[PDB]
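*Asks:* Take this structure, written in structure tokens, and hold onto it; I'll ask about it next.
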Amino acid sequence: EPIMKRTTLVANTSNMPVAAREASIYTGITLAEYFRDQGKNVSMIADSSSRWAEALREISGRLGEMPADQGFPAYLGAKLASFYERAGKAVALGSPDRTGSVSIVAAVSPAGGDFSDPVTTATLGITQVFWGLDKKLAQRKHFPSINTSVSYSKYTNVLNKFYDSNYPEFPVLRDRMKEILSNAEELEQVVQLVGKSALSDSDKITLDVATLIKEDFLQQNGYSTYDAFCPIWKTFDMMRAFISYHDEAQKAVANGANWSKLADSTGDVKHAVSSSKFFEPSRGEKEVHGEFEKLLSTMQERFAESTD
Amino acid sequence: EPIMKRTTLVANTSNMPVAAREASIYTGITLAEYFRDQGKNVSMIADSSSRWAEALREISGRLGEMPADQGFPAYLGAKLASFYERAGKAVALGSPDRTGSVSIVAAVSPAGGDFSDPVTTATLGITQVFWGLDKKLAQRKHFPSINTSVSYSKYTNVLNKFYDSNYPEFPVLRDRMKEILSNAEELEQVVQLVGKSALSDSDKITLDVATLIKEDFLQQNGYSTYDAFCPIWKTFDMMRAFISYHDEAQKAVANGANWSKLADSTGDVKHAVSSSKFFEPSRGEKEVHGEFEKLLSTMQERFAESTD
Amino acid sequence: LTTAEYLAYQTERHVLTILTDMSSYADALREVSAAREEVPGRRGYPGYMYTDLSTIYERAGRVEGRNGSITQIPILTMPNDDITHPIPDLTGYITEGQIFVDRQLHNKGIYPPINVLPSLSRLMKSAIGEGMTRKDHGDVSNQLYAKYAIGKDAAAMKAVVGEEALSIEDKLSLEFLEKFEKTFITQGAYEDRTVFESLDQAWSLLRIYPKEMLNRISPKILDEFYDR
Amino acid sequence: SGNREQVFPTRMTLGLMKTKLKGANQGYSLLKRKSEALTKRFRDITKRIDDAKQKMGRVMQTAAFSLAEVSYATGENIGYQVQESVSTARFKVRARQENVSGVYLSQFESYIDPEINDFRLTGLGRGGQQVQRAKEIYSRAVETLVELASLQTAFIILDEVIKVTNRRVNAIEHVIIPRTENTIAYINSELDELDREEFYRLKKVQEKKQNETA
Amino acid sequence: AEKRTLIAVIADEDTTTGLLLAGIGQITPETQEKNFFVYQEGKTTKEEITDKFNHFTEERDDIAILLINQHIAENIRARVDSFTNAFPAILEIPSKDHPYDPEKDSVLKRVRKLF
């Protein structure tokens, strides 16, 4: 079925005047609210919300009212707060009782600065989920190019009940993955100017595991038939696979296993966990989860063999 | 004939009325245009167009006009472009047919030496020749203290016809010198950090040849009998001598000799090339050319002798 | 603060005042200041934000006569994780010390993520004593801070000189830092350590070192509390 | 005054400047303490070289006396026979790398291969005794040579590290800090001052027109 | 590198070379070369000694030490030049029949200069 059957679109452009630009997302959020009032779960994408803020700035300049920051109206924070808070899981007004939800997915756009602009500064305090761009990753053509250090999602504690019913290990695995990425990021920062000579086996494992994560879990082309849409169960399975690889290597080098030899001896397992992202989600959760269980068992037994 | 017989002056001391600076520059340029109309190849010198720019700034500030970059009038760039466009070799109006010139050469005075002020940036986009000077060189009694890194001339390409007519190797030699100076600067900017060691013999030859160039060809004392005026033929000969010295040194070292031993064994040749600037232009073009041919021949024989 | 002042200085209660997200309050200040035709100040904030924050913060402390007290814990968010921002700068200039919640310490899965090194309490001396809290409190705090700093810079050097090149000081400091950030700083969100329980945990964790290596603590305290 | 990087001044460049400055400061501390550790180890190695070299004369003259005892026992000068009897290396240096203070220094170990014994079957038993004594002396000399090689490598590494640290602390930091100071104090302050002047002029004209209308 | 036995260049005393050979020494089978370079004092040319030092430390490529037996007193410049690299050869100056004072040792001189 066409997405357009589940889609209505507002098509304001740059040629359209500033007033229409300002009112475009207001019309869009009102439509989203109307469909939420029927119990429908509505997603609203406001691309280039920074252009909306620019429309507000131009209207303010036309009115001559004194702005704040550099050029933007001071009520920018209040208006984005109201617009963002128009979203949320809600109980419909009338009867029978319903439960809709409007999810704002708004796109800011950098203007030379990444976060010093007022629109992002207000949004960070307003919005609950932030996916900040990583300019260095884009410079290296790594997609998606979001930053894993400054981006945040406060729903991680709320989703604990959802995870405990379907994927109970998801929160702790995500925490461990974030810890690995942060530790390896600080270690890369300290090693760029020194060199990898002095790093211990644990440090090398952390660096290479985080590199594997960045190159085979965070990275999605989004165009191939595989991982165009990675389902939550496939994502959880690869999370546990990568964490199993990391902690298996760490436990192996907790013994006398030199990791320089261990990497060569378990290159097969490293390639397997890297290519796990190539599983086709269309196969269904059952068989692909069986594949991931097979991969985990192979990883564990191979690391046990290589430890001795 | 006395050189004043071809020179007329227009003057405004700093403490004399500020508004008259614009009148001074305009009367100077129209005098130059008038003498161009007679077929003379007049050249107009403006001592400081920055003084005109800040006079315009003060007039605007008194008028209460809205400031451009740091107080200047918004029409400063257009005013400078209109003034500068009056220069150019042209066929004078009326008959008999005659060809004149104006050749505006104006200096600007950046505040604090920073080339980012509006007057210099406006002038840079207009003039076809840029002769930026450096405070550091001038403070070390190095004159004309021109910054070869930033200074440029867009008339090098159009002047190739005259060069081929008179001094065909002039463009090749000037590009050779420019590349030598650029290479020496890029080696210098890392050798202050990594030390003089671990430097190839060819790199040391480039550094020594270019520091010789900076000391004894680019430098021109002006206040002396020999460097007051360097005629075009003598400058061409000196570039030929310096470039030939660099080529001979590079070839001799590339043929097995080591630069450290070679430099002391041919130091008299380097001193002769150094003192080549002391040749008196009043001695005549033929006599100076004979001296330069003798210098080149003696240098070649000495580099053959050290080659062994 | 009006409610807290009323309670403490008229009902003679000991009131703890907690203000959340002072950054939002500063944004509201910006909006109201720009509502009237007023020239913006540094970073857009009004030029008198110092005076307003002073008015809010000075509504605290003990006063002559009345038996109540006001303890204030304003909480603010750094817009760009920078001290130089006007809100944290003026808050530090007005208040006494500060407590730092660290981004990296939060990403490493430790709660509550208080970063001890950049956080100080400017009036900690008065809170410490014999009748006040317990006798060993200040010395234990100083020793914990010193050991944590040594563990931190030793962990930084881990990647430059290697583990084997470190002294026994640094080995015990790495062990202390791990146990510290995993058991002492790490506290359950619903776990209430009383001050004496916290001191006992700090002692059981500081008992790693022999009494010779505990330099920041006086021997009068070591002969009393080390052996338990 | 000082020096600057000739970069166009913007607040993004200011952010890059402060992050580069803090990186330079942390690198200064890191390499300074690394050089401290390396120089501690280097003082250890150089005093080791001193006492090893002063004992080297004693051990070599003891070995020479053992050789002279062998010559006295054999009567003839066995030097030519020993020189002509060399067939294969019985003593080899095991070049393997260490990790002294994070530096991949390479030391030498002794491959004493008794199976060769090429010159061990020539002459009287004094020949064998002198062979054993000279083997011990050669092991001591191999230890001294390994220590000397470590000293040379560590001297090169420490010289490079100290040169980099001093060069950075005297040029890179001492230009970045003036670069940031230039950026802020000149450009940001002057742009803010121009903004202040322009908005003050706007306020003046707005209030005067409002005043005349009122 | 290629682990090789320590070289032996002894021009101030052939007794030290003889003792080192009695310890252990190797001669190249195919190339007919030999690590031993025993030179009689007052008989081997200084240019010949420098040529041998170049052929061992600079020409031959392996991992080995190279004793000098205090004969480098005449070839001190060559010894200093070859000491610029720790590989493929590491120089040493064992005490020969003439005692080897630490003053003339290039490595000891560098250590004292760095003191």
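Convention: chains lettered A, B, ... in structure tokens order; per-chain residue numbering from 1; ligands numbered from 1 as shown.
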If you fit chain A onto chain B using every C-alpha atom, paired in order, what RMSD in Å do you get?

*Replies:*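 Result: 0.9 Å C-alpha RMSD.
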
*Asks:* So that I can see what lies close to residue 195 in chain B, please list as a list in words the residues with an atom at most 10 Å from it, counting only C-alpha atoms and leaving out residues fewer than 6 positions away in the same chain.

*Replies:* residues 188 of chain B; 163, 164 and 167 of chain D

*Asks:* Residues of chain D that have any atom at most 9 Å from an atom of chain E: could you tabulate them with the shortest-distance atom pair and the distance in Å to one decimal, using only C-alpha atoms, ordered by chain and increasing number, as JSON lines?

*Replies:*
```
{"residue": "D:43", "atom": "CA", "partner": "E:115", "partner_atom": "CA", "distance": 8.4}
{"residue": "D:46", "atom": "CA", "partner": "E:111", "partner_atom": "CA", "distance": 6.5}
{"residue": "D:47", "atom": "CA", "partner": "E:111", "partner_atom": "CA", "distance": 8.9}
{"residue": "D:49", "atom": "CA", "partner": "E:108", "partner_atom": "CA", "distance": 7.8}
{"residue": "D:50", "atom": "CA", "partner": "E:108", "partner_atom": "CA", "distance": 7.2}
{"residue": "D:53", "atom": "CA", "partner": "E:102", "partner_atom": "CA", "distance": 7.2}
{"residue": "D:54", "atom": "CA", "partner": "E:102", "partner_atom": "CA", "distance": 7.2}
{"residue": "D:56", "atom": "CA", "partner": "E:94", "partner_atom": "CA", "distance": 7.0}
{"residue": "D:57", "atom": "CA", "partner": "E:95", "partner_atom": "CA", "distance": 5.3}
{"residue": "D:58", "atom": "CA", "partner": "E:95", "partner_atom": "CA", "distance": 8.4}
{"residue": "D:59", "atom": "CA", "partner": "E:95", "partner_atom": "CA", "distance": 8.7}
{"residue": "D:60", "atom": "CA", "partner": "E:95", "partner_atom": "CA", "distance": 5.8}
{"residue": "D:61", "atom": "CA", "partner": "E:95", "partner_atom": "CA", "distance": 6.9}
{"residue": "D:63", "atom": "CA", "partner": "E:19", "partner_atom": "CA", "distance": 7.8}
{"residue": "D:64", "atom": "CA", "partner": "E:16", "partner_atom": "CA", "distance": 7.1}
{"residue": "D:67", "atom": "CA", "partner": "E:19", "partner_atom": "CA", "distance": 6.4}
{"residue": "D:68", "atom": "CA", "partner": "E:15", "partner_atom": "CA", "distance": 8.9}
{"residue": "D:78", "atom": "CA", "partner": "E:18", "partner_atom": "CA", "distance": 8.2}
{"residue": "D:79", "atom": "CA", "partner": "E:18", "partner_atom": "CA", "distance": 5.1}
{"residue": "D:80", "atom": "CA", "partner": "E:18", "partner_atom": "CA", "distance": 7.6}
{"residue": "D:82", "atom": "CA", "partner": "E:22", "partner_atom": "CA", "distance": 6.0}
{"residue": "D:83", "atom": "CA", "partner": "E:21", "partner_atom": "CA", "distance": 6.3}
{"residue": "D:85", "atom": "CA", "partner": "E:21", "partner_atom": "CA", "distance": 8.9}
{"residue": "D:86", "atom": "CA", "partner": "E:25", "partner_atom": "CA", "distance": 5.9}
{"residue": "D:87", "atom": "CA", "partner": "E:26", "partner_atom": "CA", "distance": 5.8}
{"residue": "D:88", "atom": "CA", "partner": "E:26", "partner_atom": "CA", "distance": 4.4}
{"residue": "D:89", "atom": "CA", "partner": "E:26", "partner_atom": "CA", "distance": 4.4}
{"residue": "D:90", "atom": "CA", "partner": "E:24", "partner_atom": "CA", "distance": 5.0}
{"residue": "D:91", "atom": "CA", "partner": "E:24", "partner_atom": "CA", "distance": 5.4}
{"residue": "D:92", "atom": "CA", "partner": "E:5", "partner_atom": "CA", "distance": 4.6}
{"residue": "D:93", "atom": "CA", "partner": "E:3", "partner_atom": "CA", "distance": 5.9}
{"residue": "D:94", "atom": "CA", "partner": "E:3", "partner_atom": "CA", "distance": 6.1}
{"residue": "D:95", "atom": "CA", "partner": "E:3", "partner_atom": "CA", "distance": 6.1}
{"residue": "D:108", "atom": "CA", "partner": "E:64", "partner_atom": "CA", "distance": 8.6}
{"residue": "D:117", "atom": "CA", "partner": "E:24", "partner_atom": "CA", "distance": 8.7}
{"residue": "D:118", "atom": "CA", "partner": "E:24", "partner_atom": "CA", "distance": 8.5}
{"residue": "D:119", "atom": "CA", "partner": "E:22", "partner_atom": "CA", "distance": 6.4}
{"residue": "D:120", "atom": "CA", "partner": "E:22", "partner_atom": "CA", "distance": 7.9}
{"residue": "D:127", "atom": "CA", "partner": "E:22", "partner_atom": "CA", "distance": 8.4}
{"residue": "D:130", "atom": "CA", "partner": "E:22", "partner_atom": "CA", "distance": 8.0}
{"residue": "D:131", "atom": "CA", "partner": "E:23", "partner_atom": "CA", "distance": 5.4}
{"residue": "D:132", "atom": "CA", "partner": "E:23", "partner_atom": "CA", "distance": 7.6}
{"residue": "D:133", "atom": "CA", "partner": "E:23", "partner_atom": "CA", "distance": 8.4}
{"residue": "D:134", "atom": "CA", "partner": "E:23", "partner_atom": "CA", "distance": 5.4}
{"residue": "D:135", "atom": "CA", "partner": "E:23", "partner_atom": "CA", "distance": 5.2}
{"residue": "D:136", "atom": "CA", "partner": "E:23", "partner_atom": "CA", "distance": 8.9}
{"residue": "D:137", "atom": "CA", "partner": "E:23", "partner_atom": "CA", "distance": 8.9}
{"residue": "D:138", "atom": "CA", "partner": "E:23", "partner_atom": "CA", "distance": 7.3}
{"residue": "D:141", "atom": "CA", "partner": "E:94", "partner_atom": "CA", "distance": 8.1}
{"residue": "D:142", "atom": "CA", "partner": "E:65", "partner_atom": "CA", "distance": 7.9}
{"residue": "D:144", "atom": "CA", "partner": "E:92", "partner_atom": "CA", "distance": 8.8}
{"residue": "D:145", "atom": "CA", "partner": "E:92", "partner_atom": "CA", "distance": 6.8}
{"residue": "D:146", "atom": "CA", "partner": "E:90", "partner_atom": "CA", "distance": 8.6}
{"residue": "D:148", "atom": "CA", "partner": "E:107", "partner_atom": "CA", "distance": 7.7}
{"residue": "D:149", "atom": "CA", "partner": "E:86", "partner_atom": "CA", "distance": 6.0}
{"residue": "D:150", "atom": "CA", "partner": "E:86", "partner_atom": "CA", "distance": 8.9}
{"residue": "D:151", "atom": "CA", "partner": "E:111", "partner_atom": "CA", "distance": 8.9}
{"residue": "D:152", "atom": "CA", "partner": "E:86", "partner_atom": "CA", "distance": 6.9}
{"residue": "D:153", "atom": "CA", "partner": "E:86", "partner_atom": "CA", "distance": 7.3}
{"residue": "D:155", "atom": "CA", "partner": "E:114", "partner_atom": "CA", "distance": 9.0}
```

*Asks:* Tell me which protein, DNA and RNA residues are within 9 Å of residue 117 in chain C, counting only C-alpha atoms, leaving out same-chain ones fewer than 4 positions away, and put them as a ChimeraX atom specification.

*Replies:* /C:100,145,148-149

*Asks:* Filtering to N, CA and C atoms, could you give me those residues as a PDB file, in the first residue's frame?

*Replies:*
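Now in again38.pdb:
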```pdb
ATOM      1  N   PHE C 100      29.762  19.036  40.450  1.00  0.00           N
ATOM      2  CA  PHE C 100      29.822  18.776  39.020  1.00  0.00           C
ATOM      3  C   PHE C 100      29.240  17.407  38.709  1.00  0.00           C
ATOM      4  N   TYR C 145      39.963  12.342  48.327  1.00  0.00           N
ATOM      5  CA  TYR C 145      40.212  13.216  47.185  1.00  0.00           C
ATOM      6  C   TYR C 145      41.615  13.003  46.630  1.00  0.00           C
ATOM      7  N   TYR C 148      41.886   9.589  44.918  1.00  0.00           N
ATOM      8  CA  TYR C 148      41.155   9.588  43.657  1.00  0.00           C
ATOM      9  C   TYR C 148      41.917  10.348  42.578  1.00  0.00           C
ATOM     10  N   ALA C 149      42.520  11.486  42.927  1.00  0.00           N
ATOM     11  CA  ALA C 149      43.308  12.225  41.942  1.00  0.00           C
ATOM     12  C   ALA C 149      44.511  11.413  41.474  1.00  0.00           C
TER      13      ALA C 149
END
```

*Asks:* Quick check, in Å to one decimal: how far apart do CA of residue 21 in chain A and CA of residue 36 in chain C lie?

*Replies:*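 Value for the CA of residue 21 in chain A-CA of residue 36 in chain C distance: 26.3 Å.
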
*Asks:* For CA of residue 106 in chain B and CA of residue 46 in chain B, quote the distance in Å rounded to one decimal.

*Replies:*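 Here the two named atoms are 4.4 Å from each other.
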
*Asks:* Please identify all polymer residues within 12 Å of residue 200 in chain C, counting only C-alpha atoms, omitting same-chain residues fewer than 4 positions from it, and present them as an mmCIF file with C-alpha atoms, in the first residue's frame.

*Replies:*
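Contents of the output file out_21.cif:
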```
data_model
loop_
_atom_site.group_PDB
_atom_site.id
_atom_site.type_symbol
_atom_site.label_atom_id
_atom_site.label_comp_id
_atom_site.auth_asym_id
_atom_site.auth_seq_id
_atom_site.Cartn_x
_atom_site.Cartn_y
_atom_site.Cartn_z
ATOM 1 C CA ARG C 134 31.905 12.576 62.911
ATOM 2 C CA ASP C 136 37.272 11.686 61.032
ATOM 3 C CA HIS C 137 35.082 13.277 58.360
ATOM 4 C CA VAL C 140 38.745 10.987 55.282
ATOM 5 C CA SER C 141 37.404 13.414 52.676
ATOM 6 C CA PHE C 184 31.183 4.535 46.907
ATOM 7 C CA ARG C 193 23.456 6.236 53.007
ATOM 8 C CA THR C 194 23.491 8.095 56.288
ATOM 9 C CA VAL C 195 26.615 10.175 56.830
ATOM 10 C CA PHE C 196 28.091 7.654 59.266
ATOM 11 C CA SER C 204 36.384 0.173 54.301
ATOM 12 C CA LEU C 205 37.416 1.422 50.856
ATOM 13 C CA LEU C 206 40.341 3.491 52.186
ATOM 14 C CA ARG C 207 41.551 0.485 54.206
ATOM 15 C CA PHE C 225 39.538 4.385 62.916
ATOM 16 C CA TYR C 226 41.846 2.307 60.690
ATOM 17 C CA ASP C 227 41.537 -0.821 62.856
ATOM 18 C CA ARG C 228 37.936 -2.052 62.983
#
```

*Asks:* Tell me which protein, DNA and RNA residues are within 8 Å of residue 99 in chain C, counting only C-alpha atoms, leaving out same-chain ones fewer than 4 positions away, and put them as a ChimeraX atom specification.

*Replies:* /C:114-116,118-121

*Asks:* Filtering to N, CA, C and O atoms, could you give me those residues as a PDB file, in the first residue's frame?

*Replies:*
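In the end it all went to again.pdb:
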```pdb
ATOM      1  N   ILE C 114      28.637  12.281  40.127  1.00  0.00           N
ATOM      2  CA  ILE C 114      29.308  13.475  40.631  1.00  0.00           C
ATOM      3  C   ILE C 114      30.801  13.351  40.365  1.00  0.00           C
ATOM      4  O   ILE C 114      31.440  12.382  40.787  1.00  0.00           O
ATOM      5  N   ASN C 115      31.361  14.334  39.666  1.00  0.00           N
ATOM      6  CA  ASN C 115      32.794  14.385  39.403  1.00  0.00           C
ATOM      7  C   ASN C 115      33.460  15.095  40.576  1.00  0.00           C
ATOM      8  O   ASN C 115      33.292  16.305  40.756  1.00  0.00           O
ATOM      9  N   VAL C 116      34.209  14.338  41.378  1.00  0.00           N
ATOM     10  CA  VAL C 116      34.723  14.862  42.638  1.00  0.00           C
ATOM     11  C   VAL C 116      35.806  15.909  42.400  1.00  0.00           C
ATOM     12  O   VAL C 116      35.869  16.921  43.107  1.00  0.00           O
ATOM     13  N   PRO C 118      36.595  18.418  40.102  1.00  0.00           N
ATOM     14  CA  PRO C 118      36.325  19.845  39.908  1.00  0.00           C
ATOM     15  C   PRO C 118      35.280  20.416  40.851  1.00  0.00           C
ATOM     16  O   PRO C 118      34.980  21.611  40.760  1.00  0.00           O
ATOM     17  N   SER C 119      34.729  19.609  41.750  1.00  0.00           N
ATOM     18  CA  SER C 119      33.661  20.032  42.643  1.00  0.00           C
ATOM     19  C   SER C 119      34.219  20.249  44.041  1.00  0.00           C
ATOM     20  O   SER C 119      34.895  19.372  44.586  1.00  0.00           O
ATOM     21  N   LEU C 120      33.934  21.415  44.616  1.00  0.00           N
ATOM     22  CA  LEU C 120      34.328  21.716  45.983  1.00  0.00           C
ATOM     23  C   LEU C 120      33.161  22.375  46.698  1.00  0.00           C
ATOM     24  O   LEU C 120      32.278  22.969  46.075  1.00  0.00           O
ATOM     25  N   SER C 121      33.166  22.261  48.020  1.00  0.00           N
ATOM     26  CA  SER C 121      32.207  22.946  48.878  1.00  0.00           C
ATOM     27  C   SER C 121      32.973  23.993  49.677  1.00  0.00           C
ATOM     28  O   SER C 121      33.814  23.653  50.514  1.00  0.00           O
TER      29      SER C 121
END
```

*Asks:* For residue 31 in chain C, work out the shell of residues within 12 Å, counting only C-alpha atoms and skipping chain neighbours fewer than 5 positions away, then give it as a VMD selection string.

*Replies:* (chain A and resid 66 to 69 72 to 79) or (chain C and resid 24 to 26 36 to 38 40 44 to 46)

*Asks:* Could you write out that same residue set with N, CA, C and O atoms as a PDB file, in the first residue's frame?

*Replies:*
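As a result, out_10.pdb now contains:
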```
ATOM      1  N   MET A  66      12.896  44.148  18.904  1.00  0.00           N
ATOM      2  CA  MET A  66      14.285  43.887  19.257  1.00  0.00           C
ATOM      3  C   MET A  66      14.498  42.401  19.519  1.00  0.00           C
ATOM      4  O   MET A  66      13.794  41.815  20.349  1.00  0.00           O
ATOM      5  N   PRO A  67      15.450  41.760  18.843  1.00  0.00           N
ATOM      6  CA  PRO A  67      15.679  40.330  19.067  1.00  0.00           C
ATOM      7  C   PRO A  67      16.651  40.070  20.203  1.00  0.00           C
ATOM      8  O   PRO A  67      17.115  41.006  20.863  1.00  0.00           O
ATOM      9  N   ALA A  68      16.967  38.800  20.433  1.00  0.00           N
ATOM     10  CA  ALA A  68      17.969  38.387  21.401  1.00  0.00           C
ATOM     11  C   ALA A  68      19.001  37.521  20.695  1.00  0.00           C
ATOM     12  O   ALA A  68      18.890  37.246  19.497  1.00  0.00           O
ATOM     13  N   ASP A  69      20.013  37.101  21.446  1.00  0.00           N
ATOM     14  CA  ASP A  69      21.075  36.229  20.909  1.00  0.00           C
ATOM     15  C   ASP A  69      21.744  37.011  19.770  1.00  0.00           C
ATOM     16  O   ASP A  69      22.077  38.191  19.954  1.00  0.00           O
ATOM     17  N   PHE A  72      17.927  36.622  16.630  1.00  0.00           N
ATOM     18  CA  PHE A  72      16.685  35.870  16.660  1.00  0.00           C
ATOM     19  C   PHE A  72      15.772  36.369  17.773  1.00  0.00           C
ATOM     20  O   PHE A  72      16.247  36.845  18.808  1.00  0.00           O
ATOM     21  N   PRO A  73      14.455  36.286  17.581  1.00  0.00           N
ATOM     22  CA  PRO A  73      13.533  36.743  18.627  1.00  0.00           C
ATOM     23  C   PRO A  73      13.697  35.939  19.908  1.00  0.00           C
ATOM     24  O   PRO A  73      13.991  34.742  19.883  1.00  0.00           O
ATOM     25  N   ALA A  74      13.510  36.621  21.038  1.00  0.00           N
ATOM     26  CA  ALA A  74      13.726  35.980  22.330  1.00  0.00           C
ATOM     27  C   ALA A  74      12.683  34.909  22.616  1.00  0.00           C
ATOM     28  O   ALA A  74      12.978  33.936  23.319  1.00  0.00           O
ATOM     29  N   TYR A  75      11.471  35.064  22.089  1.00  0.00           N
ATOM     30  CA  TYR A  75      10.414  34.079  22.279  1.00  0.00           C
ATOM     31  C   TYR A  75      10.589  32.843  21.406  1.00  0.00           C
ATOM     32  O   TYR A  75       9.665  32.029  21.319  1.00  0.00           O
ATOM     33  N   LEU A  76      11.742  32.704  20.749  1.00  0.00           N
ATOM     34  CA  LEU A  76      12.032  31.493  19.992  1.00  0.00           C
ATOM     35  C   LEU A  76      11.976  30.266  20.891  1.00  0.00           C
ATOM     36  O   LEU A  76      11.371  29.247  20.533  1.00  0.00           O
ATOM     37  N   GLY A  77      12.593  30.349  22.068  1.00  0.00           N
ATOM     38  CA  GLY A  77      12.546  29.230  22.990  1.00  0.00           C
ATOM     39  C   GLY A  77      11.128  28.875  23.387  1.00  0.00           C
ATOM     40  O   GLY A  77      10.752  27.703  23.393  1.00  0.00           O
ATOM     41  N   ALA A  78      10.314  29.885  23.696  1.00  0.00           N
ATOM     42  CA  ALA A  78       8.937  29.627  24.100  1.00  0.00           C
ATOM     43  C   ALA A  78       8.129  29.002  22.969  1.00  0.00           C
ATOM     44  O   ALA A  78       7.359  28.062  23.198  1.00  0.00           O
ATOM     45  N   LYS A  79       8.288  29.501  21.742  1.00  0.00           N
ATOM     46  CA  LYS A  79       7.476  28.976  20.648  1.00  0.00           C
ATOM     47  C   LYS A  79       7.886  27.560  20.276  1.00  0.00           C
ATOM     48  O   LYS A  79       7.022  26.711  20.031  1.00  0.00           O
TER      49      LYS A  79
ATOM     50  N   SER C  24      16.777  27.415  32.267  1.00  0.00           N
ATOM     51  CA  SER C  24      15.453  27.797  31.792  1.00  0.00           C
ATOM     52  C   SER C  24      15.022  29.129  32.392  1.00  0.00           C
ATOM     53  O   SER C  24      14.397  29.954  31.714  1.00  0.00           O
ATOM     54  N   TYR C  25      15.352  29.357  33.664  1.00  0.00           N
ATOM     55  CA  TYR C  25      15.058  30.643  34.284  1.00  0.00           C
ATOM     56  C   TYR C  25      15.807  31.773  33.591  1.00  0.00           C
ATOM     57  O   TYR C  25      15.258  32.860  33.386  1.00  0.00           O
ATOM     58  N   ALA C  26      17.066  31.535  33.222  1.00  0.00           N
ATOM     59  CA  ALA C  26      17.827  32.556  32.509  1.00  0.00           C
ATOM     60  C   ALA C  26      17.245  32.814  31.124  1.00  0.00           C
ATOM     61  O   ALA C  26      17.229  33.958  30.652  1.00  0.00           O
ATOM     62  N   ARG C  36      10.433  44.116  26.578  1.00  0.00           N
ATOM     63  CA  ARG C  36      10.576  45.558  26.489  1.00  0.00           C
ATOM     64  C   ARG C  36      11.763  45.904  25.601  1.00  0.00           C
ATOM     65  O   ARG C  36      12.677  45.096  25.407  1.00  0.00           O
ATOM     66  N   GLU C  37      11.750  47.122  25.061  1.00  0.00           N
ATOM     67  CA  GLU C  37      12.790  47.563  24.133  1.00  0.00           C
ATOM     68  C   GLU C  37      14.073  47.800  24.925  1.00  0.00           C
ATOM     69  O   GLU C  37      14.430  48.924  25.287  1.00  0.00           O
ATOM     70  N   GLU C  38      14.777  46.705  25.198  1.00  0.00           N
ATOM     71  CA  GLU C  38      15.986  46.721  26.007  1.00  0.00           C
ATOM     72  C   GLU C  38      17.136  46.120  25.214  1.00  0.00           C
ATOM     73  O   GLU C  38      16.972  45.080  24.566  1.00  0.00           O
ATOM     74  N   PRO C  40      20.206  43.942  24.394  1.00  0.00           N
ATOM     75  CA  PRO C  40      20.708  42.696  24.979  1.00  0.00           C
ATOM     76  C   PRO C  40      22.143  42.839  25.459  1.00  0.00           C
ATOM     77  O   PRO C  40      22.900  43.694  24.992  1.00  0.00           O
ATOM     78  N   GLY C  44      23.373  37.564  24.741  1.00  0.00           N
ATOM     79  CA  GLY C  44      21.950  37.818  24.689  1.00  0.00           C
ATOM     80  C   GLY C  44      21.273  37.991  26.028  1.00  0.00           C
ATOM     81  O   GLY C  44      20.190  38.587  26.082  1.00  0.00           O
ATOM     82  N   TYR C  45      21.870  37.503  27.113  1.00  0.00           N
ATOM     83  CA  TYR C  45      21.245  37.604  28.418  1.00  0.00           C
ATOM     84  C   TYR C  45      21.216  39.058  28.887  1.00  0.00           C
ATOM     85  O   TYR C  45      22.070  39.860  28.501  1.00  0.00           O
ATOM     86  N   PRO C  46      20.237  39.424  29.715  1.00  0.00           N
ATOM     87  CA  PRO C  46      20.168  40.804  30.207  1.00  0.00           C
ATOM     88  C   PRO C  46      21.400  41.165  31.020  1.00  0.00           C
ATOM     89  O   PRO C  46      22.019  40.317  31.665  1.00  0.00           O
TER      90      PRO C  46
END
```

*Asks:* Tell me, which residues of chain D carry DSSP alpha helix (DSSP H), written as a ChimeraX atom specification?

*Replies:* /D:11-74,79-84,125-167,173-181,189-213

*Asks:* In range 64-110 of chain A, what's strand (DSSP E or B) per DSSP? Answer as a ChimeraX atom specification?

*Replies:* /A:68,72,88-91,99-106

*Asks:* Can you tell me, as a ChimeraX atom specification, what residues are no more than 12 Å from range 157-159 of chain B when counting only C-alpha atoms, ignoring any on the same chain fewer than 4 positions away?

*Replies:* /B:128,152-153,163-168,170-172,175
